[PDB]
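For reference, the structure discussed in these notes is given below.
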Amino acid sequence: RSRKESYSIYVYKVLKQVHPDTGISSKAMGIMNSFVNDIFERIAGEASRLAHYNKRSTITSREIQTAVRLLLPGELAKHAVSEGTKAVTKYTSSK
Amino acid sequence: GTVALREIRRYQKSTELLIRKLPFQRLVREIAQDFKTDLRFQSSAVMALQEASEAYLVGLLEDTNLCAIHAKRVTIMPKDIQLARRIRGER
Amino acid sequence: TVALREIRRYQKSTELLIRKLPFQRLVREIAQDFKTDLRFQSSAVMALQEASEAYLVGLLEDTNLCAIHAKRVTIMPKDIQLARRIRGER
Amino acid sequence: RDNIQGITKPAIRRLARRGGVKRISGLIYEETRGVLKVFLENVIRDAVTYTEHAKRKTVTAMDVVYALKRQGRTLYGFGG
Amino acid sequence: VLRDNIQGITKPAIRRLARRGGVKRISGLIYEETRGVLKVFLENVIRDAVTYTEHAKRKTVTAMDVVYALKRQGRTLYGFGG
Amino acid sequence: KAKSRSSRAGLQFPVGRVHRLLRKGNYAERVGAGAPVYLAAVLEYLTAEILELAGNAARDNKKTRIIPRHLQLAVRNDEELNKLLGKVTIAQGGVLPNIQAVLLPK
Amino acid sequence: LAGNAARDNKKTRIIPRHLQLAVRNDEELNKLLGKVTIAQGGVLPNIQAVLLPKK
DNA sequence: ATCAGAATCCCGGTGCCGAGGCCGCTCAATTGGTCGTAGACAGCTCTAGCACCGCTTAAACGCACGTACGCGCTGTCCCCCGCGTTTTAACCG
DNA sequence: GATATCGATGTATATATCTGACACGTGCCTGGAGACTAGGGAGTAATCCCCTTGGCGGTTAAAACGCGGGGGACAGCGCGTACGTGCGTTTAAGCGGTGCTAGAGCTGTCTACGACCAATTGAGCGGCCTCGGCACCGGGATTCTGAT
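Top line first, the protein sequences correspond to chains A, B, C, D, E, F and G. Taking UniProt numbering, the leading residue of the first sequence gets 32, the next gets one more, and so forth. Taking UniProt numbering, the leading residue of the second sequence gets 44, the next gets one more, and so forth. Taking UniProt numbering, the leading residue of the third sequence gets 45, the next gets one more, and so forth. Taking UniProt numbering, the leading residue of the fourth sequence gets 24, the next gets one more, and so forth. Taking UniProt numbering, the leading residue of the fifth sequence gets 22, the next gets one more, and so forth. Taking UniProt numbering, the leading residue of the sixth sequence gets 14, the next gets one more, and so forth. Taking UniProt numbering, the leading residue of the seventh sequence gets 66, the next gets one more, and so forth.
And the structure:
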């Protein structure tokens, strides 16, 4: 709790995997961290809203998939839902 | 343009719908089918959608009209809507 | 003629033209005027001055866009009211 | 066809006769119509997804209310 | 003086940023309203932002509280914290 | 050693970070669990899209550094991104380096 | 407030138009509840004097 | 300023279909005990919070000369308003 | 007036140099993975019913064309004017730091409390009986305005 959690380090890891030479600035680093935290809170709020409204006292896959569909445009979310359904089926089948 | 402001006042008092059953109905029905066929729409909901659409139209057209007053006297233009939309963020 | 030079120069630089100490002092004064004896972060002051700067530059871009729309460059208070009324915050 | 003519010219003229605009134009009607399609399509698509999550395939009043609350500019419909 | 600094906020900076925004000339009646509504907006922003921080029994206004207050206001801006 | 889900799932983004929220926040008694991987994947792919768009925007000015000015330029060149955050404006946005005919001489 | 406005409006019972007038009457209510409107919206007479043809 | 005209604002009669209201019931609202659990208050680590200082000066403020434009008048034509008439379709049932 | 020196002083022309900022690793820290036990919730579908689209007629106000027509965005010019640009004054903004100290955030302790469980009971809405102002058609008072 005393350790100040930051979410830009995960973006930094992906960046180093792709283009480790170039990078971002401090203020920009703060900007993307605030963006990540804001999107994180917005999807949490979307899950809470859907769960309240439909008397949905659970949230396994369909609920968060609908949240992703509501948050993002139709075509991009549909493709994301397709690969997400494939991934979750593969993960359950593999174990 | 001078009797038009009187008509503005007249339609300002008016508090009833205009095109519910035969028209707007066919519209929402059509769009619904376009997305997913075999859809329906509650009469009360239809009324609510029409009133929301007409209220938003009143507000946006009032905004565009006051932007058109800046272009001297009285005349609307496509660029008025486009600019206003962009400024607000809709465009 | 120097307007072109100024436009190029301001496109090349991005320094915050509102200063941190006067706005910090104004925020401290106003906050202690509303609720006395509360502290304020420097990062929050910087974020608030950034928010105000973004708000005013967006408002002034809208004002310029409305000006050139009505074949003008100088503007009247009515345009500012216009922008606020279309945004609806007023 | 009749999809664009669902709303007539004097209908938009009445919406201008109650929406400030005193002088109108032919192209203005078309623009306002396209904006109306964008708005209606957004709301109907949101309602379609919400009535697909619960596998119902039809919207109620509360469904419409939640669909329009998602747009930010919320509205209060009838019933509830 | 640490009071009555309504005249403290300066119009030249807004003019220079408008110049950066393309504006080549402004007026005198503009700043009369602009400064007043800017002061009203600043008052509202400071009020709700300090209202936001009061929940967690804190005395100092934190960055995430200000960012989320602007987010609730619909005029949000991202920064270091949040 | 200690068999964490990161290597098994093949994802660098934190898995149980969401589980922290779900557990301590006590949101419901039936919340998340499978939600982490889902949102992590969505956030990863959105971050990849944003990274690509920012990289494309940066190279237009023959410079290879990232600044939030360029983020604003990339966002404002996208109408859909504009509609996502229409009530938002990012600081240091300014105006574009392309100058309209209104300001230039005859 | 809607009842007082309706009594001023010479009507015994409440209607949504009176609710709109009540909302638009208070500036703080326009500040906060400005994100929602009710059917057949209205506003105070903020019309100018440039709409009528000049002579 | 001043009289006549079109539209408008409030009121009256009627169709009705959704509003005003009675009754059950059943699924939820209340009361009562447990107690590990999670929020409120004293204390550890230490970070940055309020206010000012050495030194240079960029910039805010006040003031001088004048030009691009603010605002208003004039020419135009084209491009949408006013009105009569037909159909046509919106709300009714 | 000319040929041949001296220098000299901006004008680049690099050449170190050291400094703010970005990019990599590093000690360590705290919270998720594994995992078992135990509680609930939506997938799926049947069933009453109701309710919203499709459709027939009507029928009178509204859509839409024909004709007349006038007025206003655009362009240009003209009177004025107010900041555009620049000069003089002053004054704290900024870089970097300190005096005094408060609490950000966490940690420990402590003590009121709400899921769980069970009995009692009642409020809101479905179903349904009854009714009255919305909407439409028509007339009298109000408001704005054309033409003079």
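For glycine and all other residues, C-beta sits at the position ideal for the given N, C-alpha and C.
Query raised in the report: Is it right to say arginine 41/E is buried, meaning 16 or more other beta carbons lie within 10 angstroms of its own, or is it exposed?
Result: As a working mapping, residue 41/E is identified with position 20 in the fifth sequence. Classification of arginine 41/E: buried, given that the 10 Å Cβ count is 16 or more.
Query raised in the report: Under a CB-based cut-off of 9 Å, is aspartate 69/E close to chain C?
Result: Mapped onto the fifth sequence, residue 69/E falls at position 48. Taking Cβ atoms only, chain C never reaches closer than 9 Å to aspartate 69/E, which makes this a no.
Query raised in the report: So what's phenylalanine 84/B in DSSP terms, helix, strand or just coil?
Result: For the purposes of this step, residue 84/B is taken as the residue at position 41 of the second sequence. In the three-state reduction of the DSSP assignment, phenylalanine 84/B falls in the strand class, which pools E and B.
Query - Burial state of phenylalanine 26/F, where buried means 16 or more other Cβ atoms lie within 10 Å - result: Here the question's residue 26/F lines up with position 13 in the sixth sequence. Under this definition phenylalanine 26/F is a buried residue.
**Report entry** Alpha carbon of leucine 65/C to alpha carbon of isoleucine 30/E, nearest angstrom
**Finding:** As a working note, residue 65/C is residue 21 in the third sequence. As a working note, residue 30/E is residue 9 in the fifth sequence. Straight-line spacing of the CA atoms in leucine 65/C and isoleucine 30/E works out to 11 Å.
Query raised in the report: Mind pulling the chain D residues with CB within less than 7 Å of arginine 100/A?
Result: Translated into the one-based positions of the first sequence, residue 100/A becomes position 69. Here the neighbours are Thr72.
Query - Boundaries of the alpha helix (DSSP H) in which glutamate 93/G is found, first to last residue - result: By 1-based counting over the seventh sequence, the position of residue 93/G is 28. Element bounds for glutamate 93/G: 92–97.
Query raised in the report: When you compare each of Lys32/E, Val44/E and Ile27/E to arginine 116/C by their alpha carbons, which one comes out closest?
Result: Here residue 116/C corresponds to residue number 72 of the third sequence, with the count starting at 1. With distances taken between CA atoms, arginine 116/C lies nearest to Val44/E out of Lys32/E, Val44/E and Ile27/E.
Query - Between the CA atoms of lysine 56/B and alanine 67/F - distance to the nearest angstrom - result: Position 54 of the sixth sequence holds residue 67/F. Position 13 of the second sequence holds residue 56/B. When rounded, the distance between both Cα atoms is 52 Å.
Query raised in the report: Can you tell me the Cα-Cα spacing of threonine 72/D and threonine 97/A, whole angstroms?
Result: The sequence position of residue 72/D within the fourth sequence is 49, counting from 1. The sequence position of residue 97/A within the first sequence is 66, counting from 1. If I take the Cα positions, the gap works out to 7 Å.
Requested in this report: Find the residues of chain D that neighbour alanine 88/B, judging by a C-beta separation of less than 7 Å, and give them in chain order.
Outcome: On the second sequence, residue 88/B is found 45 positions in, with the first residue counted as 1. By Cβ distance, chain D contributes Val82, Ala84, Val87 and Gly100.
Query raised in the report: Which full runs of the alpha helix (DSSP H) of 4+ residues lie inside the region 68–94 of chain E, going along the chain?
Result: The region 68–94 of chain E contains these whole alpha helix (DSSP H) runs: 84–94.
Query raised in the report: So, is the C-beta of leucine 109/F closer than 9 Å to a C-beta in chain A?
Result: Reading the sixth sequence from its first residue, position 96 is the one you call residue 109/F. Chain A, which has no Cβ nearer than 9 Å to the Cβ of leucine 109/F, makes this no.
Query raised in the report: Ordered along the chain, which non-local residues of its own chain (more than five positions away) have a Cβ less than 8 Å from that of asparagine 65/D?
Result: Taking the fourth sequence and counting its residues from 1, the one referred to as residue 65/D is at position 42. Cβ neighbours of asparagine 65/D beyond the five flanking positions: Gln94.
Query raised in the report: Listed in chain order, which residues of the region 68–85 of chain A have Cβ atoms closer than 9 Å to some Cβ of chain E?
Result: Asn68, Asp69 and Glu72
Report task. Give the residues from the region 80–100 of chain G that approach chain D closer than 8 Å (Cβ to any Cβ), ordered along the chain. Result -> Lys100
**Report entry** Exposure label - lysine 75/F; buried when at least 16 CB within 10 Å
**Finding:** In the sixth sequence, residue 75/F corresponds to position 62, counting from 1. It is exposed - the Cβ of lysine 75/F has fewer than 16 other Cβ atoms within 10 Å.
Query raised in the report: What residue does the alpha helix (DSSP H) around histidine 32/F start on, and which one ends it?
Result: What you label residue 32/F is simply residue 19 of the sixth sequence in a count that begins at 1. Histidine 32/F -> alpha helix (DSSP H) spans 30–37.
**Report entry** Nearest neighbour of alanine 61/F, chosen from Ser33/A, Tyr41/A and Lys35/A [CA to CA]
**Finding:** For the purposes of this step, residue 61/F is taken as residue 48 along the sixth sequence, with counting starting at 1. Comparing Cα positions, the closest option is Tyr41/A.
Requested in this report: Report all residues from its chain with a CB closer than 8 Å to the CB of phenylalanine 101/D; omit the five preceding and five following residues, and keep chain order.
Outcome: Working through the fourth sequence from its first residue, we reach residue 101/D at position 78. Scanning its chain for C-beta atoms nearer than 8 Å, with the 5 sequence neighbours on each side dropped, one finds around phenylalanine 101/D the residues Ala84, in chain order.
Query raised in the report: What residues from the region 80–112 of chain C come within 8 Å of chain F, judged by C-beta to C-beta, listed N to C?
Result: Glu94, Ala95, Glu97, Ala98, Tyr99, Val101, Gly102, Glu105 and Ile112
Requested in this report: On a CA-only basis, which of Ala77/D, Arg37/D, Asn26/D and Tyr99/D is nearest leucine 48/B? Give me that one, please.
Outcome: Here residue 48/B is taken as the residue at index 5 of the second sequence, counted from 1. For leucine 48/B, the nearest C-alpha among the options comes from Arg37/D.
Report task. Rounded to whole angstroms, what's the CA-CA distance from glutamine 125/B to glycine 102/C? Just pull it up for me. Result -> Position 82 of the second sequence, counted from the first residue, corresponds to residue 125/B. Position 58 of the third sequence, counted from the first residue, corresponds to residue 102/C. Straight-line Cα distance between these residues: approximately 17 Å.
Query raised in the report: So, are the CB atoms of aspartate 77/C and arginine 24/E less than 9 Å apart?
Result: Here residue 77/C refers to the residue found at position 33 when the third sequence is read from its first residue. Here residue 24/E refers to the residue found at position 3 when the fifth sequence is read from its first residue. In this structure, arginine 24/E lies closer than 9 Å to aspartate 77/C by Cβ.
Query raised in the report: Would you say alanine 91/C and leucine 98/E are within 9 Å of each other, going by their C-beta atoms?
Result: Position 47 of the third sequence, counting from 1, holds the residue named residue 91/C. Position 77 of the fifth sequence, counting from 1, holds the residue named residue 98/E. Yes, the Cβ-Cβ distance between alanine 91/C and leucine 98/E is below 9 Å.
Query raised in the report: chain F beta carbons: is any one of them nearer than 9 Å to that of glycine 44/B?
Result: Taking the second sequence and counting its residues from 1, one reaches residue 44/B at position 1. The beta-carbon of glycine 44/B is placed no less than 9 Å from the nearest beta-carbon of chain F.
Query raised in the report: Is the number of C-beta pairs between the region 82–90 of chain F and the region 82–93 of chain A that are closer than 8 Å three or more?
Result: no
Query raised in the report: First and last residue of the alpha helix (DSSP H) that includes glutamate 50/B?
Result: As a working mapping, residue 50/B is identified with position 7 in the second sequence. Annotation for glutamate 50/B: the continuous alpha helix (DSSP H) segment containing it runs 46–56.
**Report entry** Reduced DSSP secondary structure (H/G/I, E/B, other) of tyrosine 38/A
**Finding:** Here residue 38/A is taken as the residue at index 7 of the first sequence, counted from 1. Shown here, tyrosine 38/A sits in coil according to DSSP, grouped into three states, outside any helix or strand.
Report task. Check the Cβ of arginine 69/B against every Cβ in chain G and list those closer than 8 Å, keeping chain order. Result -> Counted from its first residue, the second sequence places residue 69/B at position 26. The contacting residues do not exist; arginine 69/B stays about 21 Å from chain G at best.
Report task. Reducing DSSP to helix, strand and coil, say where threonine 97/E ends up. Result -> On the fifth sequence, residue 97/E is found 76 positions in, with the first residue counted as 1. In the structure shown, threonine 97/E sits in coil (DSSP, three-state: anything other than H, G, I, E or B).
Report task. Would you mind telling me which residues of chain F sit closer than 8 Å to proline 104/A, beta carbon to beta carbon, in chain order? Result -> Locating residue 104/A in the first sequence gives position 73, counting from the first residue. Within chain F, the residues near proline 104/A are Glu93.
Query raised in the report: With 16 other CB atoms within 10 Å as the buried threshold, where does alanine 48/F fall?
Result: Counting from 1 along the sixth sequence, the entry for residue 48/F is found at position 35. Counting Cβ neighbours within 10 Å, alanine 48/F comes out buried, since at least 16 surround it.
Query raised in the report: What's the C-alpha gap between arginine 63/C and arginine 134/B?
Result: By 1-based counting over the third sequence, the position of residue 63/C is 19. By 1-based counting over the second sequence, the position of residue 134/B is 91. Cα to Cα, the separation comes out at about 34 Å.
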